[PDB]
There are 4 protein chains.
Amino acid sequence: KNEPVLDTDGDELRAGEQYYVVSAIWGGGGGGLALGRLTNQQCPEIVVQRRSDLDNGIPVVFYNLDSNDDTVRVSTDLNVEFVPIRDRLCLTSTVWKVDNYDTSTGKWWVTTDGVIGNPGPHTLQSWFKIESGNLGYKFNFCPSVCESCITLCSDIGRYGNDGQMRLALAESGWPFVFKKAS
Amino acid sequence: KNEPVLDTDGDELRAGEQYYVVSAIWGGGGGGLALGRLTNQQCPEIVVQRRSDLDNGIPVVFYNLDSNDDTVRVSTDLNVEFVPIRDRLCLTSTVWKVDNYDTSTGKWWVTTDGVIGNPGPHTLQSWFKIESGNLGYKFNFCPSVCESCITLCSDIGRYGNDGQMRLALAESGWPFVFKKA
Amino acid sequence: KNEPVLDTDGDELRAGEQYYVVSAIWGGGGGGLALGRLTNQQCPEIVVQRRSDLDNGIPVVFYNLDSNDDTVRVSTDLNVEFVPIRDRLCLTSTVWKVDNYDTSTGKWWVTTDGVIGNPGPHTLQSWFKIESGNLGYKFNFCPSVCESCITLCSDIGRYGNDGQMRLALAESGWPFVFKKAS
Amino acid sequence: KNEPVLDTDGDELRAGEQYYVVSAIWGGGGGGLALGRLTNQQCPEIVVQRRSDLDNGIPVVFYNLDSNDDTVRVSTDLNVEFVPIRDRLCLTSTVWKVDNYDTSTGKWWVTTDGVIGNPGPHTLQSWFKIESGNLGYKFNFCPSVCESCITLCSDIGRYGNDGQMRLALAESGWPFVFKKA
């Protein structure tokens, strides 16, 4: 099988365990990932990166394709879900998913209201991979859960949008590391 | 557009919504802000800080330059208004404003009886910015609503006055966080 | 019997219980009391007040004249002793004591290397009273443990010396409150 | 004379004694300071901050203007020098100094190869002050050693560079505390 993803302690990532997704860069790297909103949309919430290094954001859990695999490995399709500490107003899910194309910017943003499990055409937009990079791990959207589906296939970068640093498909991915939220 | 200010849950501040303004440094750093009075002046009320770090104080609401903008963002002039948790006594508003110079102390205090809206020279003293701090956020008085006006331009810090902890212009601002009320 | 001294919770002070001695003034009031040194004297350490509101200093305990009185009351002679949280280099005690007259400043400072117990002429300089003031409690040095002794009789104020806020006999005392340390 | 700087035990800093310089804000605020190297520059070593708040870095010593003054006090020009816990490659000193302006970033970095003593125009870049922060202490570069010299005058903050956390002149200083080494 593929190499396990490791956290900042060097331990292998476990499916269902909570991790902050924090910038790999030390010095001007920013904080962790979390939830935000847009001017014209309160729900679903979008994925943003904190500007402050002090703020690790909201933890995520990862779920594997097969719930009998407890280890999170590189280059395998996963679900990603924020675990907010307090209840949220939005009724949409906090599962990551690729958004519909944004004609105002030309970007495919990462949003939420994704779905956990049921790999196939219905959930195609909710499957992400974690890949090794030079500066740290990167997310990649290139699902293999529906062989006959036509799909985008691209690393996940970061881009500013109306004062918030969002995640979007990009040629080169932004590097992250994973820190135990325990 | 500028970075949205966030509350302690991580959600952007919304214009018109109530927030406690609470010291980002607890313990002897105190608690939240509130309306107060002075020994020699019942009205207008002044801006004070509660000593107990368990006391969130009295919430404020923020108003943007343009009432169509609902996100409160850093480095933008806004109005700050206490929710009027007070007796029926003062006819003055609960809107923050920079006072006239205090010859007894050398301080430029934050007080109330400010005004909402009408950006320009008439309301210049009622416009405050929220800026990112080392931790939390700090207030800064440096209005740009009147390009030709000469203005003070300074962070907001804390100073003792009349046996109380007040807010005044200071070289280095005191950090606060914003809690949903 | 004299009124009990109360802590910031409204509870009566107990002999031998640890309290921070913090400035009663909120706004430009400074922090708590602790120990310092002088340029020409490392031991005994001197009593100072922290400039920073955030620093409650070192807690003290109070001891009564009679070890069988558990309540600390106003206008009664007490011993005051810092309880440092870690061992200190000086071999002198951390019990408060009025110093010998300082010809360099004209002040009678509060220093340490005091003694606990044995009220009378030998320990006279180690006895302090707590009094109600306008703005909080104040310390008063006016011991009655030796009726035939001539003694100074004055409130304890604060006064700067060598960049430190020291305590000294003064016409008007500095107000304090007592905050449970544990 | 000025207020003595205190270490994390509450004891005044002594000139010539070793101290770790550790961020007053932990977690994502980082750990202590250390000697570092740039990708493209082995010497002089630069001043960096460790990411782990468990890593105290390596100690500095402070030298006063007058060798007869043993207390380190706020708002006074001093020299800062890392204990030379390093390999023997560099002939440069471990004394902190403000660098020449960096056109690639717009920053005035803190680097080493400073000089101890001889206050005046020749050593101007090697004099720093320790100032009280909202919490802990901040460094400030605003030398008074050469009255006729024109000098920068600014707090010291932190900034990323070359994949590392460096110190540079900044509007608002980053707060540190001092731990006996």
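Cβ placement follows ideal geometry from the backbone for every residue including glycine, while neighbour counts extend to all protein chains displayed. Since every read-out is calculated from the coordinates, none of them should be taken as a lab result.
Suppose the filter is assigned to a loop (DSSP other than H, G, I, E, B) and within 14 Å of the chain's Cα centre (by Cα); does A:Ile116 pass it?
Spelling it out, A:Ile116 is indeed assigned to a loop (DSSP other than H, G, I, E, B) and within 14 Å of the chain's Cα centre (by Cα).
Of everything in region A:72-82 that's among the aliphatic types (A, V, I, L, M) and buried (at least 20 other Cβ atoms within 10 Å of the Cβ), which residue is nearest to the other protein chains (Cβ to nearest Cβ)?
Across region A:72-82, the extreme among qualifying residues is A:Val80.
Filter region B:146-167 down to residues that are under 13 Å from the mean Cα position of the chain (by Cα) and within 11 Å of another protein chain (Cβ to nearest Cβ), then give me how many there are.
Result for region B:146-167: 5.
When both residues are 6+ apart or on different chains and their Cβ atoms are under 9 Å apart, which pairs have a first residue that lies in region C:18-47 and is within 8 Å of another protein chain (Cβ to nearest Cβ), and a second that is of a type in the set (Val, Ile, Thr) and part of a loop (DSSP other than H, G, I, E, B)?
Once the first residue is within 8 Å of another protein chain (Cβ to nearest Cβ) and sits in region C:18-47, its partners that are of a type in the set (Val, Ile, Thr) and part of a loop (DSSP other than H, G, I, E, B) give C:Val22/C:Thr8; C:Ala34/C:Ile58; C:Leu35/C:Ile58; C:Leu35/C:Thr94; C:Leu35/C:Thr112.
Pull up region A:93-113, narrow it to residues that are of a type in the set (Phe, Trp, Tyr) and over 13 Å from the mean Cα position of the chain (by Cα), then point me to the one that is surrounded by the fewest Cβ atoms within 10 Å (Cβ to Cβ).
The selected residue is A:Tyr101.
For region D:168-181, how many residues meet the condition of being closer than 21 Å to B:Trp174 by Cα and within 14 Å of chain A (Cβ to nearest Cβ)? Can you show your working first?
From region D:168-181, those closer than 21 Å to B:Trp174 by Cα are D:169-177; that's our starting set.
Those left that are additionally within 14 Å of chain A (Cβ to nearest Cβ): D:170, D:172, D:174-175.
Going through region D:168-181 one residue at a time, the tally reaches 4.
Counting only residues that are outside any strand (DSSP E or B) and of a type in the set (A, V, I, L, M), how many does region B:146-181 have?
Residues flagged as outside any strand (DSSP E or B) and of a type in the set (A, V, I, L, M) within region B:146-181 amount to 3.
Give the residues of region B:1-28 that are of a type outside the set (A, V, I, L, M, F, W, C), over 17 Å from the mean Cα position of the chain (by Cα) and within 14 Å of chain C (Cβ to nearest Cβ), sorted by residue number.
Result: B:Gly27, B:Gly28.
Look at region B:35-71 and say how many of its residues are in contact with a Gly (Cβ under 8 Å, 6 or more places away or on another chain) and part of a strand (DSSP E or B).
The total comes to 9.
Look at region A:159-182 and say how many of its residues are aliphatic (A, V, I, L, M) and either within 14 Å of chain B (Cβ to nearest Cβ) or within 27 Å of D:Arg51 (Cα to Cα) (or both).
Result for region A:159-182: 4.
Quick one: in region A:140-158, of everything that is over 16 Å from A:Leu65 (Cβ atoms) and buried (at least 16 other Cβ atoms within 10 Å of the Cβ), which residue is farthest from the other protein chains (Cβ to nearest Cβ)?
A:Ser154
Taking region D:68-89 as the region of interest, how many residues are within 14 Å of chain C (Cβ to nearest Cβ), touching a residue at least 12 places away in the same chain (Cβ under 8 Å) and not basic (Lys, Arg)?
Selection size over region D:68-89: 7.
Please work out which one of (1) within 14 Å of chain A (Cβ to nearest Cβ); (2) of a type outside the set (A, V, I, L, M, F, W, C); (3) assigned to a strand (DSSP E or B); (4) without any contact (Cβ under 8 Å) to a residue 40 or more places away in the chain is the condition D:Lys138 fails and give its number.
(1)
If you scan region A:4-27, which residues turn out to be farther than 16 Å from A:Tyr63 by Cα and surrounded by fewer than 16 Cβ atoms within 10 Å (Cβ to Cβ)?
Result: A:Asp9, A:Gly10, A:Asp11.
Filter region C:80-90 for residues that are assigned to a loop (DSSP other than H, G, I, E, B) and either in contact with a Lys or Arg (Cβ under 7 Å, 6 or more places away or on another chain) or in contact (Cβ under 8 Å) with a residue 24 or more places away in the chain (or both) and give the result.
Listed by number, the residues that qualify are C:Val83, C:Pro84, C:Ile85, C:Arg88, C:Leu89, C:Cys90.
So A:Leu124 clears everything in (1) without any contact (Cβ under 8 Å) to a residue 12 or more places away in the chain; (2) of a type outside the set (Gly, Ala, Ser); (3) crowded, with 16+ Cβ neighbours inside 10 Å except one condition, right? Which one?
Tallying (1) without any contact (Cβ under 8 Å) to a residue 12 or more places away in the chain; (2) of a type outside the set (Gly, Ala, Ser); (3) crowded, with 16+ Cβ neighbours inside 10 Å, A:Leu124 fails exactly one: (1).
If you go through region C:51-71 one residue at a time, how many are more than 8 Å from every other protein chain (Cβ to nearest Cβ) and either more than 14 Å from the chain's Cα centre (by Cα) or among the hydroxyl-bearing types (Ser, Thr, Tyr) (or both)?
Quick first cut of region C:51-71, residues more than 8 Å from every other protein chain (Cβ to nearest Cβ) only: C:59-71.
Narrowing the set further to residues that are either more than 14 Å from the chain's Cα centre (by Cα) or among the hydroxyl-bearing types (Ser, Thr, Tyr) (or both) leaves C:63, C:65-71.
Residues that pass the stated criteria total 8.
Please go through (1) assigned to a strand (DSSP E or B); (2) surrounded by fewer than 23 Cβ atoms within 10 Å (Cβ to Cβ); (3) within 14 Å of chain A (Cβ to nearest Cβ) for D:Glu131 and return the number of the only condition it doesn't satisfy.
Among (1) assigned to a strand (DSSP E or B); (2) surrounded by fewer than 23 Cβ atoms within 10 Å (Cβ to Cβ); (3) within 14 Å of chain A (Cβ to nearest Cβ), D:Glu131 violates only (3).
Which ones in region D:9-34 are assigned to a loop (DSSP other than H, G, I, E, B), crowded, with 21+ Cβ neighbours inside 10 Å and touching a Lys or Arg at 6+ places or on another chain (Cβ under 8 Å)?
Residue satisfying the conditions is D:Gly30 alone.
For the structure I just gave you, tell me whether B:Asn118 is surrounded by fewer than 19 Cβ atoms within 10 Å (Cβ to Cβ) and either at positive phi or more than 14 Å from the chain's Cα centre (by Cα) (or both).
Considered against the rule, which asks whether it is surrounded by fewer than 19 Cβ atoms within 10 Å (Cβ to Cβ) and either at positive phi or more than 14 Å from the chain's Cα centre (by Cα) (or both), B:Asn118 comes out as yes.
Among the residues of region A:159-174, how many are in a loop (DSSP other than H, G, I, E, B) and buried (at least 17 other Cβ atoms within 10 Å of the Cβ)? Give the derivation first.
To start, the set of residues in region A:159-174 that are in a loop (DSSP other than H, G, I, E, B) comprises A:162-163, A:171-174.
Going one step further and asking which of them are buried (at least 17 other Cβ atoms within 10 Å of the Cβ), we end up with A:163, A:173-174.
Result for region A:159-174: 3.
Take region D:37-52 and flag every residue that is over 22 Å from D:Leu78 (Cα atoms) and within 11 Å of another protein chain (Cβ to nearest Cβ).
Step one: of region D:37-52, the residues over 22 Å from D:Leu78 (Cα atoms) are D:37-43, D:50-52.
Residues satisfying the conditions are D:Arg50, D:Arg51, D:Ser52.
Mind listing whichever residues of region C:32-54 are among the charged types (D, E, K, R) and buried (at least 21 other Cβ atoms within 10 Å of the Cβ)?
Passing the criteria: C:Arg37, C:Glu45, C:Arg50, C:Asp53.
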